[PDB]
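The structure under discussion appears below in the form of structure tokens.
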Amino acid sequence: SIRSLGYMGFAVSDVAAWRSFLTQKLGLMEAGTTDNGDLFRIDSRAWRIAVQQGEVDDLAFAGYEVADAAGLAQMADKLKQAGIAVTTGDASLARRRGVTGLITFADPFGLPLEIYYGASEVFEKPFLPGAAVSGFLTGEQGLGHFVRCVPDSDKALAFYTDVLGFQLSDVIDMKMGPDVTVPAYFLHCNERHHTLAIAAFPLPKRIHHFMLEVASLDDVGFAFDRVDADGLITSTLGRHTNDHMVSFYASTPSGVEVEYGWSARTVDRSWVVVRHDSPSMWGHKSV
Amino acid sequence: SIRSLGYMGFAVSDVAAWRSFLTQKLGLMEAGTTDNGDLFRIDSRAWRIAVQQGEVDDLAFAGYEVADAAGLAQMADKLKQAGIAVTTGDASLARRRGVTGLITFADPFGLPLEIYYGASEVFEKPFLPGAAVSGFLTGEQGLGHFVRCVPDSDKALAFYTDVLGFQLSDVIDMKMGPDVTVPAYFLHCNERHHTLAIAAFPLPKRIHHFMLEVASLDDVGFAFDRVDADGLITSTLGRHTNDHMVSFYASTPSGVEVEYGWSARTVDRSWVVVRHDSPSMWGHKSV
Amino acid sequence: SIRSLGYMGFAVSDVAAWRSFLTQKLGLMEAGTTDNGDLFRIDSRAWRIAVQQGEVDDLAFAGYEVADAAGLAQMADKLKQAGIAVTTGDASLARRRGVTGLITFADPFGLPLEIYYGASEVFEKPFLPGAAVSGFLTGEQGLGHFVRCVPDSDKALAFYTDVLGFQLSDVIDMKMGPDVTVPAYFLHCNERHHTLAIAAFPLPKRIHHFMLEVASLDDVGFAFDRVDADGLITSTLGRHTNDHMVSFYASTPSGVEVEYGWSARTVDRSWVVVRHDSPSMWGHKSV
Amino acid sequence: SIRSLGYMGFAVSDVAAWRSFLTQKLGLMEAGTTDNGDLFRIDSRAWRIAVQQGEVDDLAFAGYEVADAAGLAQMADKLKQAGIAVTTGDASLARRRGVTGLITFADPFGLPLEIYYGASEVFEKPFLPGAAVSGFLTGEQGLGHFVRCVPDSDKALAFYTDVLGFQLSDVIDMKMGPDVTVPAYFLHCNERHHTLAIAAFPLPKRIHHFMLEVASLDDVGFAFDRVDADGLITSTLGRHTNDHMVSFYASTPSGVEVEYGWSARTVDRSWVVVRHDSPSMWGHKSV
Amino acid sequence: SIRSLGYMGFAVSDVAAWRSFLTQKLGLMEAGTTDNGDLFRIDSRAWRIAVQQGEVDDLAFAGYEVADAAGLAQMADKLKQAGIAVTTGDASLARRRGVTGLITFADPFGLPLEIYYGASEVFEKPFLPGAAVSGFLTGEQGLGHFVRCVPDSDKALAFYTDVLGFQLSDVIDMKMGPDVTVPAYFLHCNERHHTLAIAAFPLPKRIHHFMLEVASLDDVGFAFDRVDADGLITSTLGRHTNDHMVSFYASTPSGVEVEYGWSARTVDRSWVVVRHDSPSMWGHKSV
Amino acid sequence: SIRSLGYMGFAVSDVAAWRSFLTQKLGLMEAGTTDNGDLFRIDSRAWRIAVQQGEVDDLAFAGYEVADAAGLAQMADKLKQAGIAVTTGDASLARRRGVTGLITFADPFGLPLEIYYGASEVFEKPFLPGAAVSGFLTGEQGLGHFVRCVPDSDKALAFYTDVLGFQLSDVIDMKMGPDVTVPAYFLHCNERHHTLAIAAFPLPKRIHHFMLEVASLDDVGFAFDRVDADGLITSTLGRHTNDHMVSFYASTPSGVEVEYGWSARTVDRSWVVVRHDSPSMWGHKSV
Amino acid sequence: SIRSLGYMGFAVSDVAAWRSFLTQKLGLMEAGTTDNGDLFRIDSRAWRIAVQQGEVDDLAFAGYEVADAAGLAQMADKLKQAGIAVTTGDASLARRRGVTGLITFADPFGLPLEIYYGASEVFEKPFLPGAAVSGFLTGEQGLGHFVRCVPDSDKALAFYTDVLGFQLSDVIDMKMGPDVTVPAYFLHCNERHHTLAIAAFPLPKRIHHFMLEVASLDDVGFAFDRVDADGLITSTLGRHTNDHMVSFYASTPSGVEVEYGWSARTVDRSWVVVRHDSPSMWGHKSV
Ligand SMILES: [Fe+3]
Ligand SMILES: [Fe+3]
Ligand SMILES: [Fe+3]
Ligand SMILES: [Fe+3]
Ligand SMILES: [Fe+3]
Ligand SMILES: [Fe+3]
Ligand SMILES: [Fe+3]
Ligand SMILES: [Fe+3]
Ligand SMILES: [Fe+3]
Ligand SMILES: [Fe+3]
Ligand SMILES: [Fe+3]
Ligand SMILES: [Fe+3]
Ligand SMILES: [Fe+3]
Ligand SMILES: [Fe+3]
């Protein structure tokens, strides 16, 4: 069973711009360059985000974490019984990712996904942010979340819930005009309100945004000014209706957006699915 | 499995009187008028109480909430296997209620019931009470509770526990005279002491009372004076023996009573069924 | 300096009625009969209330407590410098009261007052209430409070604040009719909102009421029913605007009223004098 | 499944002595006399201990509480499948005990036992102790515990654990002389360290002692002096090695001993069975 | 101003008996032998109790601690202005006591007293008790307390309060027979209820007892059994009425008694002097 | 199911050196000598470590604790179904160990192991350390842990996880030179990060080290100096990367090392297996 | 009145070595270079440590902080009345230091001192350490402390306590050989155990060491390894006897030592002066 989103890899046209953006604007820690690409940290793990040179300028792969080898076996079996082509990652790939074991496959629309266990910790190299950030929230909630854009939401939903095991948190009916309303589905695999969201948005990218959560309001406020100085803000500070995250959105060098937030609520055992007609309580003014 | 009482609808002869009573006396928030009727809020949900014009001057329907679509499927199946006529609510009905999916049916004595999932939240329209009330207690405990009057308690008990899944909290042997003692059964489906009570009381209404729970003693004290000013109090402040609710009772424009309370105790895992010979520890003097 | 109200003595026409009222209705503990009269306890002190046979059917004397012999000396000196006739209580009187040292005198309108130190504790005879009461609130807040009726409030104010050292908490402008408004002054000598209140009310008694504070709402609720059973309630449950005490009032066998309350707020160092136009926030309906 | 020890009944030769001992020495509340005998309370339940006139001067019956009717059915079935003669208590018996339903049977050595559900609460008649006692500890831990003397411990163990479902907490090897060592087995059915203990002690009674637990050390200290005044102490204050109860033992009018304690530790999920060679850490000097 | 009782010295006929009693029964730590005598510790200080060979078999001297050199100067001045013969301790004496500076003098009845500042700490030699004791309570409350027997209490009171600055906590009227009642005065110089008590008891020793306070009830319970094994208990476990200390008394090899207690209450700013007619709430049965 | 490591026995050439090392350096409590050997305590259990005269100068046996007799039966069955030679410990062996029941067998490489239930508690003989130690951490976490050296880690892993039920916490890839990297596997059977670790280290002993955990940093700091005084430190203070234990290592008289630590983190339900490339975050400099 | 040590300035021969040492080893934040020198931060203040090129390779000046202009006036007056040459810092100096007002003078042995008020905060430039450090402890405790070496301790004591107002915390008698014992005096001006210590040590520098306090043990552990890598450790980890600081000492490029610690205890109102014979409880082994 998937425990959380563990890592993400981006294939971008401008690696230097990405390096500067991640460290100086967002405050991630530069963790070296390997055959896995330029590595970035936000906690004790050896890396959480990898940046590789590539033409797509988008999310290249995402890795979901299971607790152990048994968990990996379960998932591989579940994917096979569903008719999904699964490849047992070879030692070389496992080494490049710094994991113990992994399997690779793709979602129904071509996004390369990896399920792994036994990632590397580096407590001996204490995390030091690239900018003043009190801390990032990971732990049992994993890396954060991202919104996957798809041409068919029902097909995507069936795969992510029936095959991968994600559970529905809630739905937001996004009014994208008078004649268009698109439901966005938010899914969880742990306490974090959502680790994955699915929506049929007509975007030129695989994901609408990825999100990183910080420890204090000031972390968000200071980062906003750093990003705003370069004219990269896409949405002012606001609070979402479903996860209650206080955040702003900004544009990365690839056009893909990043959400930088604080104070999201978690999903508990008494949680019930609900629907919303608005994505934000206040703020989040498009700029 | 039913998680809580989610909403209630009343069919009344005087809609204006009801509007004024709910907002000015009890402090509910007016939420607009739709084809679902005049809507009222007590929390983040789009509505909890609907008031429609009707001749019965009584509870018209009650909606029980399940966590998701799977839960809805389970219940529909459970009702069918029991020989109950269930109707899958059509899109039009689902839209009128503001829910994702629902099924309709009736209890053994004709009360229309609905089981649904995916109700609408409106965090973007923050709750503002119609009178000074610090807050209402809902959350995982749902809307509150109501006492269903029935001609046959054993038949009612079998349906609500065996088919709907409610669990018995306790029983109060109501001495309604020298020659008459009527047992009132209190049932729970979550932490709230009781979401439903059943009793063979000879009343001209479907329910003896419905209850709303507030956050502080002052909320109750202030409301008492507001209601008392119009001579609508039916029972002075007191505390019940079973749920330990401190409350007063008042008459709504339909004759049906409302209980407005505070500080009820909850049901835990070590709870055991007990019996009582009195409904109140102190107070609750009939007026 | 006066630390609190320590004890009170009543001279009544019906001692048996008083005994029954104090123990069975209010829950005080019967502490024996001495030359000091029938004694009653509410805590570790040997007695707090004394009931003696007398014709006035009213408060006979009140004792204010100082911390020690130095404190007693200070007060005696303060009274003398003000021209008040002070009598050093003789050993016989000290023994009757169970105190170490005391001085006696009267307020400007004839109420016998005593200031003492070194009262008797009886921890070896644990307090057991005469009725189900979880506990009374005394400690550093003393016995409770009483409202002294006077013909001239300014003369009374000068004596109690300038000579006895009480400090003003607040004032309530009591509208006793279209042509009459009487200010009630509330004074403190410790954390308790008021230990003494002064008002020019046209009553046939020395005090309007005396108050006892209990530990829980249920103590008040149960006592209300006990008193109500005998038709002795004079004012329904309510909460005062100034001390925020939730209480009811009842008639003692002498006609003097008793207030039985819970949850009063205390006076702190940042307290500021304010005025009110109403004595109650809610409730306290005269009956 | 048994949730706790709910009530006990004693058949004694001197009912008046028992009444005085329970109320004045131990502080129980006299709850009236019915066809069930003289009733005594220690909490919200209508009664916990019944005293009836009888020749045995010993424990006459004990009632174990289950959560509901389903629980009662389970136990009846379990006893039947074990070949135990079970009698469904008739309405008359249920009424005498003040319970909803019950079954009666006996342990392998003749002690009448009852398993019931739905006992009566009397919150409207607040508990008032017969002596100064801050409170008794019951709740989910039930009444307390008793040590059953038996001629064959293994036969007794098989019945109480295999049939009744009690779980072993620990064992104390009681050295009753050079040539005699008797193991005492302590069993639990809830958090209370033990609700029942079994030992092959050569006593003329069915039980060695029954125990009541109070809320504070002073409750124990004051009670000790009350009992000691009549020369009824059998064991000085001490603390047990297994349940860590601080207690003293005294003789009841029937010769059966009562343990009055405070501060016992509870059994949790990580509990493991252990053995002891001494019953007390300190104190408990036989007198 | 005196901050606390810092150390005590005993002059005894049997030093070995004292060594064994203090370490094995009471659990003090043996700290070596110097020209100051056999030294014993209960905390971080180099020593708190000194045992020297002597004929009196009694308290030889007591040392009161001031905060600093200024405090020492104040006290010396206060004693001189009172006509008391004060001697500035010489370097040799200061070295023997392990203090920075000290003055010596005697109370009105010949007890040698010392006031000092700058005692020695030995954090580098962590405290290890001679018997199983979780810890002793010292800190700002100092060593503990002792009751000084005197032929004239008023003369003793004047010296200790007017000259030494101790403040009265309370008084206990000790009935030592039909024709004799002796008041015991309890005095404090910090939070500890009393550091010194004065009473005109006809004892052959300078003090009735000295007290040591431990951290848990078990410390007291275990020590009781250790002492009881040698038949040295003089008073069973009990709780005092004034300081609320739960303790037992035992005889030291010199006949002087020691009180070993736990859970005493402290004196605060709102403390008021009171009187008691009994020294104990419960227990403390003379043996 | 195994609940924890309960006891360990060492067979050494110099029993006196071991006695002195354990009590004076580490602070264990000497618990007597029996046919089980010299016994040592760290908590309420009768013994945790046994030292016997022997030629191996190494760990002689280790005992794993199960909750009860059922647990013992389960394990015996599990071992038998795996083809392991199990011997039901005879009464004589059970008596020597002070346990209720036990089974004996060996791990794949000859280490004698015992699984037992019902060990002996000695609350009546309160723990008193041999040196100043505030306390040892045991409870549900058991004795501590040890690292088992093996010639084949996969064979060892299969036995300890598949047969004994231990679960993997994490792995550390120990670089023991340019051409050698050895994975160390850390396993848990309760909250303690690891109760057992397995590694193919080329050591002349059965275990690399055993660990004892204390309650405070000072316990570790003081012990370090005691051990350092004799030149027995093998590794300076440091903190491990996986269990986060702050500790130092020292050499026992047998050459086997002991780790003395504080502040280790525990394993929870959301734990996931990870890998590390370093065994320490800081410190732990080999000396 | 002096509130704390606010800033320090060093005049060194190798500014680059100092820059690298402070940021990379200790983790201070580089704050730019001004006419005040290379500036370093540890909190919200614009700078706490200044490094200037100079020949002394020692502490060049220290600044003590007062609360306001009135405080500055008081101190200037106090110094003048003592005959100390005080210079009112000119606007140019105030600007260079970034303060509102300041006075300059020297201690009896030539150390330039400054007393100022109104230093500059830079909350808009959030603190980011030069190495992984969770945080430094400053606030009301100021920068930290330093030990001033002097030829005459009594002369130094008189100036710092009588003129500057520092209060004595404690004294440590430093045995610097058989024939030499030197008392070190520790003084406080706020909660920090000591802000200044004075000792007649024969060192070639003005101060023995300066200390910086961090927020966690790991901060100390990681820094130790960073410093140890360059062979700069002078004293291993240990805990002091007086302030209870857990720290290590290292050599700065100027030879002056720096103490880097954690978990020091504070001085309260009930503090009393004591003496010690050892500077450390454990550790602090000279290397
Ligand atoms: Fe879920
Ligand atoms: Fe998002
Ligand atoms: Fe339930
Ligand atoms: Fe209700
Ligand atoms: Fe005031
Ligand atoms: Fe009042
Ligand atoms: Fe259990
Ligand atoms: Fe017992
Ligand atoms: Fe005082
Ligand atoms: Fe005492
Ligand atoms: Fe696990
Ligand atoms: Fe280890
Ligand atoms: Fe100070
Ligand atoms: Fe220092």
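All positions are counted from 1 along the displayed chain.
Determination method: X-ray crystallography, 1.9 Å.
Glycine residues also receive a Cβ, built from the backbone N, Cα and C atoms like all the rest.
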Going by Swiss-Prot, G:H145, G:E259 bind Fe cation; tell me which of G:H193, G:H209 is listed for that site too.
G:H209
Within 10 Å of the Cβ of G:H145 (Fe cation binding site), how many other Cβ atoms can be counted across all chains shown?
28
10 Å Cβ neighbour count around G:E259 (Fe cation binding site)?
23
Cβ-centroid neighbourhood (8 Å) of the Fe cation site, G:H145, G:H209, G:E259 excluded:
G:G144, G:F146, G:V147, G:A197, G:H208, G:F210, G:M211, G:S247, G:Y249, G:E257, G:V258, G:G261
Which chain-mates of G:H209 (Fe cation binding site) that are at least 6 residues away have a CB under 8 A from its CB, listed by sequence?
G:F146, G:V147, G:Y249, G:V256, G:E257, G:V258, G:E259
How does the domain 'VOC 2' (G:142-263) divide up by DSSP, counting helix, then strand, then coil residues?
23 helix, 55 strand, 44 coil
Summarise the domain 'VOC 1' (G:4-118) as counts of helix, strand and coil residues per DSSP.
31 helix, 49 strand, 35 coil
